[PDB]
């Protein structure tokens, strides 16, 4: 917890983000600019640690095809929301470690 952080993206949780589908949508602009570059629909597996804790979480960061561009999504978020009790309007903020791109990325509104 001697961490130095840079914000990569932030999302206001909507109904489907905390819904039964178990996936979280991320803003396309910031996801493309700051999140690792995705060159396949298969996506990648990313893990992000809580800023306030030593709890680490593993998600699948992938994209869907939409129109001629993309929609970015973070799959397998069911237990994350359930465990953290995230409701509509809560904030999921994703950060970055400065020397290493280790994805600290926690909710709990924060800011």
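Residue numbers count along the first chain shown, from 1.
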Average Cα temperature factor in the PDB entry - higher stretch of 3-11, 101-109 = 101-109
query = For the C-alpha atoms alone, is the average B factor greater in 22-30 or in 64-72, going by the entry?
reply = 64-72
Third of the chain, ranked by Cα B-factor, where residue 52 sits = highest
task = Classify residue 81 as lowest, middle or highest third according to the C-alpha B-factor given in the PDB entry, relative to its own chain.
result = lowest
remark   = Split the chain's modelled residues into thirds by Cα B-factor; residue 90 lands in the middle
request  = Grab the CA temperature factor for residue 46 from the record and place it in the lowest, middle or highest third of its chain.
outcome  = lowest
